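Taking the form deposited in one PDB entry, here's one chain by itself in structure tokens.
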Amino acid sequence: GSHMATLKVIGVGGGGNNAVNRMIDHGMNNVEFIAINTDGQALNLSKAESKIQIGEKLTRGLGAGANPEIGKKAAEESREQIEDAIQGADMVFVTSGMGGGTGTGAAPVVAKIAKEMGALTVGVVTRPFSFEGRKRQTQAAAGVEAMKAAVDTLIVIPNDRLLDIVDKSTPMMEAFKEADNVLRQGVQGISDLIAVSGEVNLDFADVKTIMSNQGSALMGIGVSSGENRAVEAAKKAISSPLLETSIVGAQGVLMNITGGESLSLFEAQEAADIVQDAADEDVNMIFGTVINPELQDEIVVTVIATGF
């Protein structure tokens, strides 16, 4: 029979659950969301179908007060509830803001549980703005390292990079949605990859081969049309200004190209060469293609890059 991969997204702490709420608002089908927090007031406002309040004995329903040991102990003491919410997932994305008490301490525990439950486990986490100061940055760094030890693959977004994509008036929430896009489009690209049978078919086992026990990762999508569409879509897929880990140095890549019946062999090679050239390495590519005739002149390039 056919395989039906279960994808879950888990928000851990305030920033993580913020990202979950905004992704739910944007709309996202066939993904299950789990909200995990110490802060009962925030959790009450979560849109997630599955909510886990952790650490109530430790915090009396408050946040962790910037103490990552409390976040860690809260998650460990709710291990069974976390296991029960995860059970059945083939893939888990853990999103969290590093530098506070709950995200920094609980997110690596959640990631460890997911991996021990058999899920392919991806972290997507932020580092604090420099204006939040050195102690927050240093706590966040310890969280990042703990995440790296617990996940299969880790995507880090330094919040300082948001200062590169705003003008003096861009609302903070609009900036936050740009960071959200990294996780949302990564999840959606995998979901679409699994849902469709491709002319050159990639599936969840190929995702596992590229992401399992790899470390840093890049996940990107590019869309373009018209002249030079394949090159432009490929460049967009690999060129986010928000990432700590760029494409440079990638040694493994999963690339899927979707287009209409006009999709040419020549432009598929162009797109693949863009990614190889940018990595500046001998890349082990897993290459796929999907013909969607509903598409007209549009091409979509999806990239997952690892092996750094």
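In this text, residue numbers run from 1 along the sequence as written. Between two forms, the rigid core is the largest collection of C-alphas that superpose within 1.5 Å.
The same protein also has a form deposited in another entry, omitted here; what follows describes it.
Visitor: After superposing on the rigid core, which residue among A85, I113, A89, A179 shows a C-alpha displacement of 2 Å or more between this form and the one not shown?
Guide: Among the listed residues, the outlier is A179.
Visitor: With the core lined up, does the C-alpha of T289 move 2 Å or more between this form and the one not shown?
Guide: Yes, shifts by 2 Å or more.
Visitor: Superposing on the rigid core, does the Cα of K73 end up 2 Å or more away between this form and the one not shown?
Guide: The answer is no, as the C-alpha of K73 shifts between this form and the one not shown by less than 2 Å after core alignment.
Visitor: Honestly, after the rigid core fit, is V200 moving at least 2 Å at Cα between this form and the one not shown?
Guide: Shift of 2 Å or more: yes.
Visitor: Say whether the C-alpha atoms of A175 and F129 sit closer together or farther apart in that other deposited form than in the form shown here, given that their separation changes by 3 Å or more.
Guide: Note: Cα gap between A175 and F129 shrinks in that other deposited form.
Visitor: Specify closer or farther for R127 and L254: how their Cα atoms are spaced in that other deposited form versus the shown form, given a shift of 3 angstroms or more.
Guide: Those two alpha carbons end up closer in that other deposited form.
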